[PDB]
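Residue numbers for the sequence shown, in the deposited numbering: 27 to 92, 102 to 160, 183 to 300, 309 to 348, 367 to 374.
Built from N, CA and C at the ideal position, the CB exists for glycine as well.
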Amino acid sequence: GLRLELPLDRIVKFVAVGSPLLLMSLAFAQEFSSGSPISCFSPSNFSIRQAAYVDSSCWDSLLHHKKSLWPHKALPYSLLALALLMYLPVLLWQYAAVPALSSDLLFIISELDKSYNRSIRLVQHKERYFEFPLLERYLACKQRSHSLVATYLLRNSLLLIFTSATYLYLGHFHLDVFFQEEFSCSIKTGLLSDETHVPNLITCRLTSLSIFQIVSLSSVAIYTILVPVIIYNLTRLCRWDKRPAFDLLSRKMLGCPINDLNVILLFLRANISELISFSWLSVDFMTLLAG
Numbered sequence: 027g028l029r030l031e032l033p034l035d036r037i038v039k040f041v042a043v044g045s046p047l048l049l050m051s052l053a054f055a056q057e058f059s060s061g062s063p064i065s066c067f068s069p070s071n072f073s074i075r076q077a078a079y080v081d082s083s084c085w086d087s088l089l090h091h092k102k103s104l105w106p107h108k109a110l111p112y113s114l115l116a117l118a119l120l121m122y123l124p125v126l127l128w129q130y131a132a133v134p135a136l137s138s139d140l141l142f143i144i145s146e147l148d149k150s151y152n153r154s155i156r157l158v159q160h183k184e185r186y187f188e189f190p191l192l193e194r195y196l197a198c199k200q201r202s203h204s205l206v207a208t209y210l211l212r213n214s215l216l217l218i219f220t221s222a223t224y225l226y227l228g229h230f231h232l233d234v235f236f237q238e239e240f241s242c243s244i245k246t247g248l249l250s251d252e253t254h255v256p257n258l259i260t261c262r263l264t265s266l267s268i269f270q271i272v273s274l275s276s277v278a279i280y281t282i283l284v285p286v287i288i289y290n291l292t293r294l295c296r297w298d299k300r309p310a311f312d313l314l315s316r317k318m319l320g321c322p323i324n325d326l327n328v329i330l331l332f333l334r335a336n337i338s339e340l341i342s343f344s345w346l347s348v367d368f369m370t371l372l373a374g
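And the structure:
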């Protein structure tokens, strides 16, 4: 029943994955309802099937003559790609960091409990500093590594990079097609030319500009909101974490803070409820700890 993810990262992943899916569903469920996502004012003597042909041709082309409006067609697929892009760092953390850290937390929790139990017999009263050789050798070995701190940094770095990519994509493509609801589509380009019945230019109107605007604005707003929490999570480990065995923990509590020790200390602090935290909530001393 161990908890292997910080509470903030859980809600960050949930929001970042869920929101593009919700926006994509809000766009799929409207164009199926309204029918065609584009209308065209065909001439009066175009019967019925020719009007449908004009509609389909202008929707397929999507090129304003008098310049290109391709983002309208590729909205839900581009939104769906964002879901996979957000889900990739979660998969990386799931399949690259949690197996080692799970064992590293279980072992340290068990031996911390054992050390507390051993110190209990000393409480009811110095062969204590050397009494835990494992807690010094193992912790010195892990402090010199750089194994999974890199993955923890790189997950948030990837999330920030993809957020920046979304910013660039939106601000470079969707901005130039705002407030553009109609365009002059043409079909007299290929073999249909040299045929006098069809007019030269046909006006057509997009029927889903509101969905486009709402999706763009909402996505920009939420991915703006989601940046400070990400940078806070990234910068959380930069400052040194401070709250018998805890004395030995504080003994090697110094130096550059970029190790594997900081992440396991953070996960230990976030999982303090597993071990006996009776004395943790009450922040002489031996008399109080006697009970």
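{"Check": "What residue does the beta strand (DSSP E) around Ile64 start on, and which one ends it?", "Outcome": "64–66"}
{"Check": "Is the CB-CB distance between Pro134 and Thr264 below 8 Å?", "Outcome": "no"}
{"Check": "Can you tell me whether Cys198 is helix, strand or coil according to DSSP?", "Outcome": "helix"}
{"Check": "Alpha carbons only, please: which of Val41, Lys102, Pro309, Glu146 is nearest the one belonging to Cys242?", "Outcome": "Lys102"}
{"Check": "With a 10 Å radius around its C-beta and 16 neighbouring C-beta atoms as the bar for buried, classify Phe67 as buried or exposed.", "Outcome": "exposed"}
{"Check": "Just reading off the alpha helix (DSSP H) that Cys295 is part of, what are its end residues?", "Outcome": "No alpha helix (DSSP H) holds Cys295; DSSP gives it neither H nor E."}
{"Check": "Out of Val43, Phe54, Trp85, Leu217, point me to the one whose CA is closest to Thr260's CA.", "Outcome": "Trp85"}
{"Check": "Please go through the same chain and pick out, in chain order, the residues whose beta-carbon is closer than 8 Å to the beta-carbon of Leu340, but skip the five residues on each side of it.", "Outcome": "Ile144, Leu147, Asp148, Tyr151"}
{"Check": "What first and last residue would you give for the alpha helix (DSSP H) that runs through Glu146?", "Outcome": "133–158"}
{"Check": "From the DSSP secondary-structure annotation, give me the bridge partner or partners of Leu263.", "Outcome": "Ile64"}
{"Check": "So, with DSSP's three-state summary, where would you put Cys242?", "Outcome": "strand"}
{"Check": "I need the straight-line Cα distance from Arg156 to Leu346, nearest angstrom please.", "Outcome": "22 Å"}
{"Check": "DSSP beta-bridge partners for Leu89?", "Outcome": "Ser103"}
{"Check": "DSSP on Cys321, reduced to helix/strand/coil?", "Outcome": "coil"}
{"Check": "Do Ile287 and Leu196 have their C-beta atoms closer together than 8 Å?", "Outcome": "no"}
{"Check": "Excluding the 5 residues preceding and the 5 following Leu258 in the sequence, name in chain order all residues of the same chain whose CB lies nearer than 7 Å to its CB.", "Outcome": "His91, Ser241, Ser243"}
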